[PDB]
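Text of entry29.pdb, listed as PDB, N, CA and C atoms:
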```
MODEL        1
ATOM      1  N   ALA L   1       0.824  -1.202   0.000  1.00  0.00           N
ATOM      2  CA  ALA L   1       0.000   0.000   0.000  1.00  0.00           C
ATOM      3  C   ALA L   1       0.863   1.258   0.000  1.00  0.00           C
ATOM      4  N   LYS L   2       0.515   2.208  -0.860  1.00  0.00           N
ATOM      5  CA  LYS L   2       1.258   3.460  -0.959  1.00  0.00           C
ATOM      6  C   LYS L   2       1.149   4.260   0.335  1.00  0.00           C
ATOM      7  N   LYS L   3       2.237   4.928   0.703  1.00  0.00           N
ATOM      8  CA  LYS L   3       2.266   5.734   1.918  1.00  0.00           C
ATOM      9  C   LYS L   3       1.113   6.731   1.938  1.00  0.00           C
ATOM     10  N   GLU L   4       0.772   7.257   0.765  1.00  0.00           N
ATOM     11  CA  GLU L   4      -0.315   8.222   0.649  1.00  0.00           C
ATOM     12  C   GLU L   4      -1.618   7.642   1.193  1.00  0.00           C
ATOM     13  N   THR L   5      -1.862   6.369   0.897  1.00  0.00           N
ATOM     14  CA  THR L   5      -3.072   5.696   1.353  1.00  0.00           C
ATOM     15  C   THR L   5      -2.969   5.322   2.828  1.00  0.00           C
ATOM     16  N   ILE L   6      -1.778   4.908   3.247  1.00  0.00           N
ATOM     17  CA  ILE L   6      -1.549   4.524   4.635  1.00  0.00           C
ATOM     18  C   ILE L   6      -1.791   5.698   5.578  1.00  0.00           C
ATOM     19  N   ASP L   7      -1.353   6.881   5.164  1.00  0.00           N
ATOM     20  CA  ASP L   7      -1.523   8.085   5.969  1.00  0.00           C
ATOM     21  C   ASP L   7      -2.990   8.499   6.022  1.00  0.00           C
ATOM     22  N   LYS L   8      -3.687   8.338   4.902  1.00  0.00           N
ATOM     23  CA  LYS L   8      -5.097   8.696   4.819  1.00  0.00           C
ATOM     24  C   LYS L   8      -5.934   7.830   5.755  1.00  0.00           C
ATOM     25  N   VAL L   9      -5.846   6.516   5.574  1.00  0.00           N
ATOM     26  CA  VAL L   9      -6.595   5.578   6.405  1.00  0.00           C
ATOM     27  C   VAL L   9      -6.338   5.833   7.886  1.00  0.00           C
ATOM     28  N   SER L  10      -5.065   5.940   8.251  1.00  0.00           N
ATOM     29  CA  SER L  10      -4.685   6.180   9.639  1.00  0.00           C
ATOM     30  C   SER L  10      -5.359   7.438  10.177  1.00  0.00           C
ATOM     31  N   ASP L  11      -5.690   8.356   9.275  1.00  0.00           N
ATOM     32  CA  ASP L  11      -6.339   9.605   9.657  1.00  0.00           C
ATOM     33  C   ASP L  11      -7.801   9.366  10.020  1.00  0.00           C
ATOM     34  N   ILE L  12      -8.497   8.604   9.183  1.00  0.00           N
ATOM     35  CA  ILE L  12      -9.904   8.300   9.416  1.00  0.00           C
ATOM     36  C   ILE L  12     -10.125   7.774  10.831  1.00  0.00           C
ATOM     37  N   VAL L  13      -9.165   6.999  11.325  1.00  0.00           N
ATOM     38  CA  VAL L  13      -9.252   6.433  12.666  1.00  0.00           C
ATOM     39  C   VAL L  13      -9.075   7.511  13.729  1.00  0.00           C
ATOM     40  N   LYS L  14      -8.128   8.414  13.495  1.00  0.00           N
ATOM     41  CA  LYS L  14      -7.856   9.499  14.430  1.00  0.00           C
ATOM     42  C   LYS L  14      -9.069  10.413  14.573  1.00  0.00           C
ATOM     43  N   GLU L  15      -9.714  10.712  13.449  1.00  0.00           N
ATOM     44  CA  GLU L  15     -10.889  11.575  13.450  1.00  0.00           C
ATOM     45  C   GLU L  15     -11.985  11.001  14.343  1.00  0.00           C
ATOM     46  N   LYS L  16     -11.998   9.678  14.478  1.00  0.00           N
ATOM     47  CA  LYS L  16     -12.992   9.003  15.303  1.00  0.00           C
ATOM     48  C   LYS L  16     -13.043   9.610  16.702  1.00  0.00           C
ATOM     49  N   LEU L  17     -11.871   9.882  17.267  1.00  0.00           N
ATOM     50  CA  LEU L  17     -11.782  10.466  18.600  1.00  0.00           C
ATOM     51  C   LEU L  17     -10.958  11.750  18.578  1.00  0.00           C
ATOM     52  N   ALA L  18     -10.877  12.374  17.408  1.00  0.00           N
ATOM     53  CA  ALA L  18     -10.123  13.613  17.254  1.00  0.00           C
ATOM     54  C   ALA L  18      -8.674  13.432  17.693  1.00  0.00           C
ATOM     55  N   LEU L  19      -7.875  12.805  16.836  1.00  0.00           N
ATOM     56  CA  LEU L  19      -6.468  12.568  17.136  1.00  0.00           C
ATOM     57  C   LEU L  19      -5.575  13.089  16.014  1.00  0.00           C
ATOM     58  N   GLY L  20      -4.273  12.857  16.144  1.00  0.00           N
ATOM     59  CA  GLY L  20      -3.335  13.309  15.131  1.00  0.00           C
ATOM     60  C   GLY L  20      -2.643  14.602  15.517  1.00  0.00           C
ATOM     61  N   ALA L  21      -2.766  14.980  16.786  1.00  0.00           N
ATOM     62  CA  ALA L  21      -2.147  16.203  17.280  1.00  0.00           C
ATOM     63  C   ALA L  21      -0.856  15.901  18.031  1.00  0.00           C
ATOM     64  N   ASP L  22      -0.982  15.217  19.165  1.00  0.00           N
ATOM     65  CA  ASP L  22       0.176  14.864  19.977  1.00  0.00           C
ATOM     66  C   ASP L  22       0.339  13.349  20.061  1.00  0.00           C
ATOM     67  N   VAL L  23      -0.196  12.646  19.068  1.00  0.00           N
ATOM     68  CA  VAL L  23      -0.111  11.191  19.028  1.00  0.00           C
ATOM     69  C   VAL L  23       0.709  10.720  17.833  1.00  0.00           C
ATOM     70  N   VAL L  24       1.358   9.569  17.984  1.00  0.00           N
ATOM     71  CA  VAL L  24       2.176   9.009  16.916  1.00  0.00           C
ATOM     72  C   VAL L  24       1.353   8.094  16.015  1.00  0.00           C
ATOM     73  N   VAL L  25       1.498   8.275  14.705  1.00  0.00           N
ATOM     74  CA  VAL L  25       0.769   7.465  13.738  1.00  0.00           C
ATOM     75  C   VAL L  25       1.640   6.334  13.200  1.00  0.00           C
ATOM     76  N   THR L  26       1.060   5.142  13.104  1.00  0.00           N
ATOM     77  CA  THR L  26       1.783   3.978  12.606  1.00  0.00           C
ATOM     78  C   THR L  26       0.891   3.114  11.721  1.00  0.00           C
ATOM     79  N   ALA L  27       1.495   2.477  10.724  1.00  0.00           N
ATOM     80  CA  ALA L  27       0.754   1.617   9.808  1.00  0.00           C
ATOM     81  C   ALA L  27       0.493   0.250  10.431  1.00  0.00           C
ATOM     82  N   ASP L  28       1.255  -0.080  11.467  1.00  0.00           N
ATOM     83  CA  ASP L  28       1.104  -1.359  12.151  1.00  0.00           C
ATOM     84  C   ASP L  28       0.139  -1.235  13.327  1.00  0.00           C
ATOM     85  N   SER L  29      -0.276  -0.006  13.619  1.00  0.00           N
ATOM     86  CA  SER L  29      -1.194   0.249  14.722  1.00  0.00           C
ATOM     87  C   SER L  29      -2.557  -0.380  14.451  1.00  0.00           C
ATOM     88  N   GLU L  30      -2.727  -1.623  14.894  1.00  0.00           N
ATOM     89  CA  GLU L  30      -3.983  -2.337  14.698  1.00  0.00           C
ATOM     90  C   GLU L  30      -5.166  -1.498  15.172  1.00  0.00           C
ATOM     91  N   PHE L  31      -6.023  -1.109  14.233  1.00  0.00           N
ATOM     92  CA  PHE L  31      -7.194  -0.301  14.553  1.00  0.00           C
ATOM     93  C   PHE L  31      -8.270  -1.148  15.224  1.00  0.00           C
ATOM     94  N   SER L  32      -8.324  -2.425  14.860  1.00  0.00           N
ATOM     95  CA  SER L  32      -9.310  -3.340  15.423  1.00  0.00           C
ATOM     96  C   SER L  32      -8.702  -4.163  16.556  1.00  0.00           C
ATOM     97  N   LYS L  33      -9.148  -3.893  17.780  1.00  0.00           N
ATOM     98  CA  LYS L  33      -8.651  -4.607  18.949  1.00  0.00           C
ATOM     99  C   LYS L  33      -9.616  -4.467  20.122  1.00  0.00           C
ATOM    100  N   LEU L  34     -10.589  -5.368  20.193  1.00  0.00           N
ATOM    101  CA  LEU L  34     -11.577  -5.347  21.267  1.00  0.00           C
ATOM    102  C   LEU L  34     -12.030  -6.759  21.619  1.00  0.00           C
ATOM    103  N   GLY L  35     -11.810  -7.152  22.870  1.00  0.00           N
ATOM    104  CA  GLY L  35     -12.204  -8.478  23.312  1.00  0.00           C
ATOM    105  C   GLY L  35     -13.702  -8.694  23.228  1.00  0.00           C
ATOM    106  N   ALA L  36     -14.453  -7.601  23.155  1.00  0.00           N
ATOM    107  CA  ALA L  36     -15.907  -7.677  23.070  1.00  0.00           C
ATOM    108  C   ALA L  36     -16.401  -7.231  21.698  1.00  0.00           C
ATOM    109  N   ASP L  37     -15.468  -6.831  20.840  1.00  0.00           N
ATOM    110  CA  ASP L  37     -15.809  -6.380  19.495  1.00  0.00           C
ATOM    111  C   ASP L  37     -16.860  -5.277  19.542  1.00  0.00           C
ATOM    112  N   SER L  38     -16.654  -4.308  20.429  1.00  0.00           N
ATOM    113  CA  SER L  38     -17.587  -3.196  20.578  1.00  0.00           C
ATOM    114  C   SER L  38     -17.303  -2.108  19.547  1.00  0.00           C
ATOM    115  N   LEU L  39     -16.061  -2.050  19.084  1.00  0.00           N
ATOM    116  CA  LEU L  39     -15.657  -1.056  18.095  1.00  0.00           C
ATOM    117  C   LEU L  39     -16.600  -1.069  16.896  1.00  0.00           C
ATOM    118  N   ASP L  40     -16.958   0.117  16.417  1.00  0.00           N
ATOM    119  CA  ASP L  40     -17.852   0.243  15.272  1.00  0.00           C
ATOM    120  C   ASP L  40     -17.060   0.283  13.969  1.00  0.00           C
ATOM    121  N   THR L  41     -17.110  -0.813  13.218  1.00  0.00           N
ATOM    122  CA  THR L  41     -16.398  -0.905  11.949  1.00  0.00           C
ATOM    123  C   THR L  41     -17.164  -0.202  10.835  1.00  0.00           C
ATOM    124  N   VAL L  42     -18.490  -0.290  10.888  1.00  0.00           N
ATOM    125  CA  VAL L  42     -19.338   0.339   9.883  1.00  0.00           C
ATOM    126  C   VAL L  42     -18.983   1.810   9.708  1.00  0.00           C
ATOM    127  N   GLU L  43     -18.642   2.467  10.813  1.00  0.00           N
ATOM    128  CA  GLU L  43     -18.279   3.879  10.779  1.00  0.00           C
ATOM    129  C   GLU L  43     -16.923   4.078  10.109  1.00  0.00           C
ATOM    130  N   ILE L  44     -16.015   3.135  10.333  1.00  0.00           N
ATOM    131  CA  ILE L  44     -14.680   3.206   9.751  1.00  0.00           C
ATOM    132  C   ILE L  44     -14.721   2.932   8.250  1.00  0.00           C
ATOM    133  N   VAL L  45     -15.334   1.815   7.875  1.00  0.00           N
ATOM    134  CA  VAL L  45     -15.445   1.438   6.470  1.00  0.00           C
ATOM    135  C   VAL L  45     -16.128   2.534   5.659  1.00  0.00           C
ATOM    136  N   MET L  46     -17.081   3.217   6.284  1.00  0.00           N
ATOM    137  CA  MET L  46     -17.811   4.291   5.621  1.00  0.00           C
ATOM    138  C   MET L  46     -16.901   5.487   5.363  1.00  0.00           C
ATOM    139  N   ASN L  47     -16.101   5.844   6.363  1.00  0.00           N
ATOM    140  CA  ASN L  47     -15.184   6.971   6.242  1.00  0.00           C
ATOM    141  C   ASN L  47     -14.215   6.764   5.082  1.00  0.00           C
ATOM    142  N   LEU L  48     -13.515   5.634   5.100  1.00  0.00           N
ATOM    143  CA  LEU L  48     -12.555   5.314   4.048  1.00  0.00           C
ATOM    144  C   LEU L  48     -13.243   5.230   2.690  1.00  0.00           C
ATOM    145  N   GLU L  49     -14.303   4.432   2.617  1.00  0.00           N
ATOM    146  CA  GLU L  49     -15.050   4.265   1.376  1.00  0.00           C
ATOM    147  C   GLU L  49     -15.576   5.607   0.873  1.00  0.00           C
ATOM    148  N   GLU L  50     -15.838   6.519   1.802  1.00  0.00           N
ATOM    149  CA  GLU L  50     -16.348   7.841   1.454  1.00  0.00           C
ATOM    150  C   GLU L  50     -15.221   8.742   0.957  1.00  0.00           C
ATOM    151  N   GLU L  51     -14.252   9.004   1.829  1.00  0.00           N
ATOM    152  CA  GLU L  51     -13.119   9.854   1.478  1.00  0.00           C
ATOM    153  C   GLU L  51     -12.467   9.383   0.182  1.00  0.00           C
ATOM    154  N   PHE L  52     -12.072   8.115   0.150  1.00  0.00           N
ATOM    155  CA  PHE L  52     -11.433   7.542  -1.027  1.00  0.00           C
ATOM    156  C   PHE L  52     -12.421   7.441  -2.186  1.00  0.00           C
ATOM    157  N   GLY L  53     -13.710   7.444  -1.859  1.00  0.00           N
ATOM    158  CA  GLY L  53     -14.735   7.350  -2.882  1.00  0.00           C
ATOM    159  C   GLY L  53     -14.683   6.037  -3.638  1.00  0.00           C
ATOM    160  N   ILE L  54     -14.627   4.934  -2.898  1.00  0.00           N
ATOM    161  CA  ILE L  54     -14.574   3.610  -3.506  1.00  0.00           C
ATOM    162  C   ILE L  54     -15.833   2.810  -3.194  1.00  0.00           C
ATOM    163  N   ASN L  55     -15.863   1.561  -3.650  1.00  0.00           N
ATOM    164  CA  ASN L  55     -17.010   0.691  -3.418  1.00  0.00           C
ATOM    165  C   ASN L  55     -16.581  -0.605  -2.740  1.00  0.00           C
ATOM    166  N   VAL L  56     -16.553  -0.591  -1.411  1.00  0.00           N
ATOM    167  CA  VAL L  56     -16.163  -1.766  -0.642  1.00  0.00           C
ATOM    168  C   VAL L  56     -17.360  -2.372   0.084  1.00  0.00           C
ATOM    169  N   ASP L  57     -17.297  -3.676   0.328  1.00  0.00           N
ATOM    170  CA  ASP L  57     -18.375  -4.378   1.016  1.00  0.00           C
ATOM    171  C   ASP L  57     -17.990  -4.681   2.462  1.00  0.00           C
ATOM    172  N   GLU L  58     -18.998  -4.838   3.316  1.00  0.00           N
ATOM    173  CA  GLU L  58     -18.764  -5.128   4.725  1.00  0.00           C
ATOM    174  C   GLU L  58     -17.867  -6.352   4.887  1.00  0.00           C
ATOM    175  N   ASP L  59     -18.119  -7.374   4.076  1.00  0.00           N
ATOM    176  CA  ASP L  59     -17.334  -8.602   4.127  1.00  0.00           C
ATOM    177  C   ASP L  59     -15.864  -8.321   3.832  1.00  0.00           C
ATOM    178  N   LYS L  60     -15.610  -7.251   3.085  1.00  0.00           N
ATOM    179  CA  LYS L  60     -14.247  -6.872   2.731  1.00  0.00           C
ATOM    180  C   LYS L  60     -13.678  -5.881   3.742  1.00  0.00           C
ATOM    181  N   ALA L  61     -14.545  -5.360   4.604  1.00  0.00           N
ATOM    182  CA  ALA L  61     -14.128  -4.403   5.623  1.00  0.00           C
ATOM    183  C   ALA L  61     -14.500  -4.892   7.018  1.00  0.00           C
ATOM    184  N   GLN L  62     -14.474  -6.207   7.207  1.00  0.00           N
ATOM    185  CA  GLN L  62     -14.810  -6.800   8.495  1.00  0.00           C
ATOM    186  C   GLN L  62     -13.606  -7.521   9.094  1.00  0.00           C
ATOM    187  N   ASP L  63     -12.811  -8.148   8.234  1.00  0.00           N
ATOM    188  CA  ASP L  63     -11.625  -8.874   8.677  1.00  0.00           C
ATOM    189  C   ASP L  63     -10.359  -8.243   8.109  1.00  0.00           C
ATOM    190  N   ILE L  64     -10.293  -6.916   8.154  1.00  0.00           N
ATOM    191  CA  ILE L  64      -9.136  -6.192   7.642  1.00  0.00           C
ATOM    192  C   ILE L  64      -8.070  -6.027   8.721  1.00  0.00           C
ATOM    193  N   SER L  65      -6.830  -6.356   8.375  1.00  0.00           N
ATOM    194  CA  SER L  65      -5.720  -6.248   9.314  1.00  0.00           C
ATOM    195  C   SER L  65      -5.414  -4.786   9.626  1.00  0.00           C
ATOM    196  N   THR L  66      -4.299  -4.554  10.312  1.00  0.00           N
ATOM    197  CA  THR L  66      -3.893  -3.203  10.677  1.00  0.00           C
ATOM    198  C   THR L  66      -3.887  -2.284   9.460  1.00  0.00           C
ATOM    199  N   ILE L  67      -3.568  -1.013   9.686  1.00  0.00           N
ATOM    200  CA  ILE L  67      -3.525  -0.034   8.606  1.00  0.00           C
ATOM    201  C   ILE L  67      -2.715  -0.555   7.423  1.00  0.00           C
ATOM    202  N   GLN L  68      -1.690  -1.347   7.718  1.00  0.00           N
ATOM    203  CA  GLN L  68      -0.837  -1.912   6.679  1.00  0.00           C
ATOM    204  C   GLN L  68      -1.672  -2.626   5.620  1.00  0.00           C
ATOM    205  N   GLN L  69      -2.474  -3.591   6.057  1.00  0.00           N
ATOM    206  CA  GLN L  69      -3.322  -4.350   5.146  1.00  0.00           C
ATOM    207  C   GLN L  69      -4.495  -3.503   4.661  1.00  0.00           C
ATOM    208  N   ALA L  70      -5.016  -2.661   5.546  1.00  0.00           N
ATOM    209  CA  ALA L  70      -6.139  -1.794   5.207  1.00  0.00           C
ATOM    210  C   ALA L  70      -5.827  -0.946   3.980  1.00  0.00           C
ATOM    211  N   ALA L  71      -4.721  -0.211   4.038  1.00  0.00           N
ATOM    212  CA  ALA L  71      -4.310   0.641   2.930  1.00  0.00           C
ATOM    213  C   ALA L  71      -4.191  -0.159   1.637  1.00  0.00           C
ATOM    214  N   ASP L  72      -3.612  -1.350   1.735  1.00  0.00           N
ATOM    215  CA  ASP L  72      -3.437  -2.213   0.573  1.00  0.00           C
ATOM    216  C   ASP L  72      -4.784  -2.569  -0.047  1.00  0.00           C
ATOM    217  N   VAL L  73      -5.772  -2.827   0.804  1.00  0.00           N
ATOM    218  CA  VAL L  73      -7.109  -3.180   0.341  1.00  0.00           C
ATOM    219  C   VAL L  73      -7.730  -2.042  -0.462  1.00  0.00           C
ATOM    220  N   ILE L  74      -7.825  -0.871   0.159  1.00  0.00           N
ATOM    221  CA  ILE L  74      -8.399   0.297  -0.499  1.00  0.00           C
ATOM    222  C   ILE L  74      -7.703   0.578  -1.827  1.00  0.00           C
ATOM    223  N   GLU L  75      -6.390   0.364  -1.857  1.00  0.00           N
ATOM    224  CA  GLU L  75      -5.609   0.593  -3.066  1.00  0.00           C
ATOM    225  C   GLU L  75      -6.231  -0.123  -4.261  1.00  0.00           C
ATOM    226  N   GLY L  76      -6.507  -1.412  -4.093  1.00  0.00           N
ATOM    227  CA  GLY L  76      -7.100  -2.190  -5.165  1.00  0.00           C
ATOM    228  C   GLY L  76      -8.476  -1.686  -5.554  1.00  0.00           C
ATOM    229  N   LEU L  77      -9.211  -1.165  -4.578  1.00  0.00           N
ATOM    230  CA  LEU L  77     -10.553  -0.648  -4.823  1.00  0.00           C
ATOM    231  C   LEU L  77     -10.495   0.723  -5.490  1.00  0.00           C
ATOM    232  N   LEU L  78      -9.315   1.333  -5.472  1.00  0.00           N
ATOM    233  CA  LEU L  78      -9.124   2.647  -6.078  1.00  0.00           C
ATOM    234  C   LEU L  78      -8.633   2.517  -7.516  1.00  0.00           C
ATOM    235  N   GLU L  79      -8.264   1.300  -7.903  1.00  0.00           N
ATOM    236  CA  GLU L  79      -7.776   1.043  -9.252  1.00  0.00           C
ATOM    237  C   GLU L  79      -8.887   1.244 -10.278  1.00  0.00           C
ATOM    238  N   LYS L  80     -10.041   0.639 -10.018  1.00  0.00           N
ATOM    239  CA  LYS L  80     -11.183   0.750 -10.918  1.00  0.00           C
ATOM    240  C   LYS L  80     -12.351   1.449 -10.229  1.00  0.00           C
ATOM    241  N   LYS L  81     -12.353   1.421  -8.902  1.00  0.00           N
ATOM    242  CA  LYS L  81     -13.411   2.053  -8.123  1.00  0.00           C
ATOM    243  C   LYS L  81     -14.786   1.671  -8.662  1.00  0.00           C
ATOM    244  N   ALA L  82     -14.977   0.381  -8.921  1.00  0.00           N
ATOM    245  CA  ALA L  82     -16.247  -0.114  -9.436  1.00  0.00           C
ATOM    246  C   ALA L  82     -16.697  -1.362  -8.682  1.00  0.00           C
TER     247      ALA L  82
ENDMDL
END
```

Can you dump the structure from the file as structure tokens?
Amino acid sequence: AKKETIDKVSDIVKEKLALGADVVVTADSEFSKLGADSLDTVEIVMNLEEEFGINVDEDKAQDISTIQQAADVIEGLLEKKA
């Protein structure tokens, strides 16, 4: 995944709780980590799919790894965006 995409995705997560000011951003920073799976993925997938303006499915945005894999995924969806 291109750094441009990695930085973008990592941003969508920060906006969730207003971050990116005094916090360190990493592509390995697993966004999904909850023993109860309380985290709202629908909100995340929507942000990325919206900003990037792509067409991703929940099944494709449910088992996505850290930002590393996330960025790579969106990349392919940005190739044809169909």

I'd like to know which of L:30, L:22, L:11, L:49 is closest to residue L:68, using all atoms listed in the file.
L:30

With DSSP run on the backbone, what are the helix (DSSP H, G or I) residues within stretch 2-79 of chain L? I'd like them as a ChimeraX atom specification.
/L:3-16,41-51,58-60,67-79

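Using only C-alpha atoms, the smallest distance between any of L:61, L:48, L:78, L:71 and residue L:26 comes from L:71.
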
Selected residue of minimal separation from residue L:55 among L:12, L:76, L:20, L:81, counting only N, CA and C atoms:
L:81

Which protein, DNA or RNA residues are at most 8 Å from (-4.0, 2.1, 6.3) in the file's coordinates when you count all atoms listed in the file, listed as a PyMOL selection string?
chain L and resi 1+4-11+26-28+65-74

To one decimal in Å, tell me the separation between atom CA of residue L:51 and atom N of residue L:64.
18.3 Å

Dump stretch 10-27 of chain L with N, CA and C atoms to a file, as a compact mmCIF listing (two decimals), in the first residue's frame.
```txt
# COMPACT_ATOMS: atom_id res chain seq x y z
N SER L 10 -5.06 5.94 8.25
CA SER L 10 -4.68 6.18 9.64
C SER L 10 -5.36 7.44 10.18
N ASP L 11 -5.69 8.36 9.28
CA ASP L 11 -6.34 9.61 9.66
C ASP L 11 -7.80 9.37 10.02
N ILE L 12 -8.50 8.60 9.18
CA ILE L 12 -9.90 8.30 9.42
C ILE L 12 -10.12 7.77 10.83
N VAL L 13 -9.17 7.00 11.32
CA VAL L 13 -9.25 6.43 12.67
C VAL L 13 -9.07 7.51 13.73
N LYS L 14 -8.13 8.41 13.50
CA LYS L 14 -7.86 9.50 14.43
C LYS L 14 -9.07 10.41 14.57
N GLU L 15 -9.71 10.71 13.45
CA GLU L 15 -10.89 11.57 13.45
C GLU L 15 -11.98 11.00 14.34
N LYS L 16 -12.00 9.68 14.48
CA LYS L 16 -12.99 9.00 15.30
C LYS L 16 -13.04 9.61 16.70
N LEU L 17 -11.87 9.88 17.27
CA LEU L 17 -11.78 10.47 18.60
C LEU L 17 -10.96 11.75 18.58
N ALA L 18 -10.88 12.37 17.41
CA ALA L 18 -10.12 13.61 17.25
C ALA L 18 -8.67 13.43 17.69
N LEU L 19 -7.88 12.81 16.84
CA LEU L 19 -6.47 12.57 17.14
C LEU L 19 -5.58 13.09 16.01
N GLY L 20 -4.27 12.86 16.14
CA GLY L 20 -3.33 13.31 15.13
C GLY L 20 -2.64 14.60 15.52
N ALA L 21 -2.77 14.98 16.79
CA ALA L 21 -2.15 16.20 17.28
C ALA L 21 -0.86 15.90 18.03
N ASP L 22 -0.98 15.22 19.16
CA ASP L 22 0.18 14.86 19.98
C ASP L 22 0.34 13.35 20.06
N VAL L 23 -0.20 12.65 19.07
CA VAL L 23 -0.11 11.19 19.03
C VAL L 23 0.71 10.72 17.83
N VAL L 24 1.36 9.57 17.98
CA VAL L 24 2.18 9.01 16.92
C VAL L 24 1.35 8.09 16.01
N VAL L 25 1.50 8.27 14.71
CA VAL L 25 0.77 7.47 13.74
C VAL L 25 1.64 6.33 13.20
N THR L 26 1.06 5.14 13.10
CA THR L 26 1.78 3.98 12.61
C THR L 26 0.89 3.11 11.72
N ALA L 27 1.49 2.48 10.72
CA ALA L 27 0.75 1.62 9.81
C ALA L 27 0.49 0.25 10.43
```
